[PDB]
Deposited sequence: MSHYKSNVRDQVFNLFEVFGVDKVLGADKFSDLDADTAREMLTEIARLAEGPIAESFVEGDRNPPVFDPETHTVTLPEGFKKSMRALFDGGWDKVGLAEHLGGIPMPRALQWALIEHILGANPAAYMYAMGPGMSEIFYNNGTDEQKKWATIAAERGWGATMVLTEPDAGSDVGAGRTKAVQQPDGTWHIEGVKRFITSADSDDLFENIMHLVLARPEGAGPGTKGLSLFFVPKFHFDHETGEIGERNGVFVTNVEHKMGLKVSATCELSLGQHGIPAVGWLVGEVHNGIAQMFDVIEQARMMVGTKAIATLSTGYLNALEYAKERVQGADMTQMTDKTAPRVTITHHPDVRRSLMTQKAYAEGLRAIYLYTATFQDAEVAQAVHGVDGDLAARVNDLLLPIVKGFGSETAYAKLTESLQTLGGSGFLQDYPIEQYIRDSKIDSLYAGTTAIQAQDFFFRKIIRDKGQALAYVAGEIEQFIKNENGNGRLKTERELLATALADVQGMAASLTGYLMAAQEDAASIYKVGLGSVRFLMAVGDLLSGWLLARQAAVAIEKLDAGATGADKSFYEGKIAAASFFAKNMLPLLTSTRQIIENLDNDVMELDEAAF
């Protein structure tokens, strides 16, 4: 079914009219890619997403993969594999890949806009297709000889996995017990059982799979510092030609039954447990595991956040299309009259409230991840923001937990409004929104839970950063607030910005107080997620207000037709968000300012 509804219009609005990413197209790194070609690419992949890729969305959930425990392999439904081949045949598993690996150079902001369509149409299909992007990470961290293997893996389209989690080491990656035994010739034998590994087998989609495995070398120290990263291929291969050889000793031994995202095989992975060594090669031939793996984690966190946002967007557009056609009830101005005309439900206030809530968050979230991506290239950050490379890296690092944590939590919550808009029909599998909800629930968990996002945000991206990136962003919001038709929105933003600054000061204060009373640190934990969500709301309202300022300029200049309607919606979204979402941060600030440890002192038996 054609469940997927795309929004290239909003993407191009952000990329060119708001952020001006076209400034760098046709110049330096992107010398061979112009704005017209970028638009055509977005339109092409959106068309592919709405057609062949979206067409197996239902099939993958209703006819999910089947595991053969004796072969340690998974069979995927044929319709989904056809969608994968459509993706490969169009070169879309090589989006933004380095030119020397066969890719088309482009800014990250354009790359994630392209990927959004796959994540909206069939997110597991993009996940299976992340191999080449992970081969590039292996390339960047590898020896000269390992770079040769990475080039083969990328050219041949091998799949890949990130292998961290164990039954007793999920959020606490440093507790992992999977071990690496050094061999005389410099290779390693990996031994352990890992859990919840995405794409650990993928039927016959690929020639090979590159497992990137965190493991502790024998006798290494404890914690994350003692971990190393290893290249562990499913098949041994000829390192010069790429010709596939003997099966390596790394076998899927279970596939989980999940709430959603069912077509993505989520696997228990056994290394060196079946009498065959799991041979691994030390990435870069250095012991720097968690640093190397965080290149992979950051990409995964960006993908998950963008996935949540893509899913909410098509959720909203499905609900909108339904509301426009569903006739139910009289206009509320006519409710007493038992003979009044029945109207389409977009006429009802609560439906317009729901739809505008969906719209504002979906479009605010789209702006967030594209804004985040403009700091992922130094050249783009310099051209559009005027910030140097170091600050740009700090700002991207600050925004990733917002994209991931705030994005995942918001999308799942607002999809509830999408389903509600359909009434009783929303509970039916006939419509895609119940699957959107199930497929999206994992986004608050995979690649680090929301709580982990919030702790990374505060401790690493603000405190350890000495507030530099946060002060930059705050300065940009302040400058927008300074400098008629958006006065009330700017006043509401000024209050929200002050609220967030108050929150940051309070949590910082609790951290300082921990010098004297260690228990005071618990208050940082108690408030960390609410703080992360508040910054997300602040950024959403700010970027929506920036969009409204651009929309006002285009309307003043004489926009007509569909363009005019688009711009009018941007003004309404920014105003609605500022008046209905931002004021809550004031109460949240007061709640955070009054946190106490009563709930930490309570006996566990009292719960």
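Novice: Which regions of the deposited sequence are unaccounted for in the modelled residues, listed N- to C-terminal?
Specialist: Residues lacking C-alpha coordinates: just 484-487.
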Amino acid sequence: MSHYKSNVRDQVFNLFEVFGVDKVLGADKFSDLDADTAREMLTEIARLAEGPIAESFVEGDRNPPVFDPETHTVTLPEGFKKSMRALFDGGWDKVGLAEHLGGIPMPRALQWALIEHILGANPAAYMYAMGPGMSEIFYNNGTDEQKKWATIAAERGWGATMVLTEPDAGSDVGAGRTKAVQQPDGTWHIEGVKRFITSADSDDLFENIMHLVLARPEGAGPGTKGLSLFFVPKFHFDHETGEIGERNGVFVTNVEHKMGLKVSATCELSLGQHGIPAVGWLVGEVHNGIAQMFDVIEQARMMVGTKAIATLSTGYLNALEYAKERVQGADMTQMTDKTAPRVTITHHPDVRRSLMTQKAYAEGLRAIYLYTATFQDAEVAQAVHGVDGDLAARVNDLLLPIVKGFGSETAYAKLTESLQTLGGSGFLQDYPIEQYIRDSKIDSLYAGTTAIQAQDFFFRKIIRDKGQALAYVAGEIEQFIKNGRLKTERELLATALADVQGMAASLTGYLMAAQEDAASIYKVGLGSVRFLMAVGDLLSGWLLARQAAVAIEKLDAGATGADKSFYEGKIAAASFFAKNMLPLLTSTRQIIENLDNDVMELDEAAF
From here on, numbers count along this sequence of modelled residues.
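Novice: Report the stretch with the higher mean CA temperature factor, choosing between 333-341 and 290-298 on the basis of the entry.
Specialist: It is 333-341 that shows the higher mean C-alpha B-factor.
Novice: Comparing average C-alpha B factors as deposited, tell me which of 84-92 and 249-257 sits higher.
Specialist: Stretch with the greater average CA B-factor: 84-92.
Novice: Say you rank 233, 401, 105, 315 by Cα B-factor from the PDB entry; which sits at the top?
Specialist: If I rank 233, 401, 105, 315 by C-alpha B-factor, first place goes to 105.
Novice: Going by the CA temperature factor in the entry, name the top one among 56, 580, 31, 540.
Specialist: Answer for 56, 580, 31, 540: 31, with the highest C-alpha B-factor.
Novice: Give the position of residue 427 by CA B-factor within its chain, expressed as the lowest, middle or highest third.
Specialist: Lowest third - that is where residue 427 ends up once the chain's C-alpha B-factors are sorted.
Novice: Could you say whether, by C-alpha temperature factor, residue 554 belongs to the lowest, middle or highest third of its chain?
Specialist: According to the entry, residue 554 has a C-alpha B-factor in the chain's middle third.
Novice: Looking at the entry's B-factor column for C-alpha atoms only, identify whether residue 2 ranks in the lowest, middle or highest third of its chain.
Specialist: Tercile = highest for this residue's CA B-factor.
Novice: Give the position of residue 480 by CA B-factor within its chain, expressed as the lowest, middle or highest third.
Specialist: Within its chain, residue 480 is a highest-third residue by C-alpha B-factor, going by the deposited values.
Novice: Ordered by C-alpha B-factor within the chain, which third holds residue 443? Give me lowest, middle or highest, please.
Specialist: Ranked within chain, residue 443 CA B lands in the lowest tercile.
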